[PDB]
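Here's a solo chain for you in structure tokens, the form deposited in one PDB entry.
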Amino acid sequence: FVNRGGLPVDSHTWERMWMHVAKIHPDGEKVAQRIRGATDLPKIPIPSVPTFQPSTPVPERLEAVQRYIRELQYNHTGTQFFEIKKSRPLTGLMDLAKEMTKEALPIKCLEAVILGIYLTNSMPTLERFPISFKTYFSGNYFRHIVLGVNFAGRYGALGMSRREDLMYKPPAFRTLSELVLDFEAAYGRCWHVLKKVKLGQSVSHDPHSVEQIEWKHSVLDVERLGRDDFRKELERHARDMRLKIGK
């Protein structure tokens, strides 16, 4: 369920959110009856957007960016509060990122990617690029996206997920392949088989850029490739990104 018309949430989408809750939760209407109109609810502090001293090393800045993303909370309400159109020009997506910092609602993985780009445009020596993972568990396919990053030749990731090992990686992996294989192993530990990886090109650091994010610059079919061809394909993506300069 996606809120397809800004904030405040309109009466129709608001009721649909509560209707949807009543389906999911075993005591779904007991939950609404206790929350809706309640006058004693916690005040939620608006998280402060982190700002960085120039003497602060970038990896320490990334920790603060990821902390801020987590503070918004993963969205378990069943209703997505921001519409993300993935082919929107970057400048429109950055307007959306800013709106997300001003409204401060829970988010999921794709919103966190956009936010990660917005909060690291101030770091021109940081390379940012989306990584999407398609996995398989119990006869079903699952998609997850993170923001891959590269600082001083080391690879890491920012993002949001239900699982702690499927989001933040400090920029410590020497190669892109090592980063991706770290995700594949984390998936295997929770019984998901990794089927595809889709890697985007690096994203411009200009928040007024009209260019689109290219999400699928490399699409890798994991088991059709085999391990050596899989690594070589990732090395090639790493070189392609090095040669696309943008800020």
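Numbering starts at 1 and follows the sequence shown.
*Asks:* Comparing 192 to 200 with 30 to 38, where is the mean C-alpha B-factor higher?
*Replies:* Stretch with the greater average CA B-factor: 30 to 38.
*Asks:* On average, which has the higher Cα B-factor in the deposited entry, 105 to 113 or 84 to 92?
*Replies:* Looking at the record's C-alpha B-factors, the answer is 84 to 92.
*Asks:* Based on the deposited C-alpha B factors for this chain, I'd like to know if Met160 is in the lowest, middle or highest third.
*Replies:* Ranked within chain, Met160 CA B lands in the middle tercile.
*Asks:* Could you look up the Cα B-factor of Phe133 in the entry and say which third of the chain it sits in: lowest, middle or highest?
*Replies:* Tercile = middle for this residue's CA B-factor.
*Asks:* Lowest, middle or highest third: where is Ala186 by C-alpha B factor in its chain?
*Replies:* As the PDB entry reports it, the C-alpha B-factor of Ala186 lands in the middle third of its chain.
*Asks:* Considering only modelled residues of the same chain, in which third does the CA B-factor of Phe142 rank: lowest, middle or highest?
*Replies:* Middle third of the chain for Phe142's C-alpha B-factor.
*Asks:* Once the chain's modelled residues are ordered by C-alpha B factor and cut into thirds, is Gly148 in the lowest, middle or highest one?
*Replies:* As the PDB entry reports it, the C-alpha B-factor of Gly148 lands in the lowest third of its chain.
Unshown form solved in complex with a partner chain; subsequent notes refer to it.
*Asks:* Which of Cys109, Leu119, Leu90, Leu126 has a heavy atom within 4.5 Å of the partner chain in the deposited complex?
*Replies:* Answer to the contact question: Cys109.
*Asks:* Is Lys85 close to the partner chain in the deposited complex, meaning a heavy atom pair under 4.5 Å apart or at it?
*Replies:* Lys85: no contact with the partner chain in the deposited complex.
*Asks:* Given that the partner is absent here, does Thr175 sit within 4.5 Å of the partner chain in the deposited complex, heavy atoms only?
*Replies:* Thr175: no, not in contact with the partner chain in the deposited complex.
*Asks:* Does the partner chain get within 4.5 angstroms of any non-hydrogen atom of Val149 in the deposited complex?
*Replies:* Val149: no contact with the partner chain in the deposited complex.
*Asks:* Is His192 near the partner chain? Define near as a heavy atom within 4.5 Å, in the deposited complex.
*Replies:* Because a heavy atom of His192 falls inside 4.5 Å of the partner chain in the deposited complex, the answer is yes.
*Asks:* Run the contact test on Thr135, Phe142 and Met160 with a 4.5 Å heavy atom cut-off to the partner chain in the deposited complex and return yes or no.
*Replies:* So, yes: the whole triplet contacts the partner chain.
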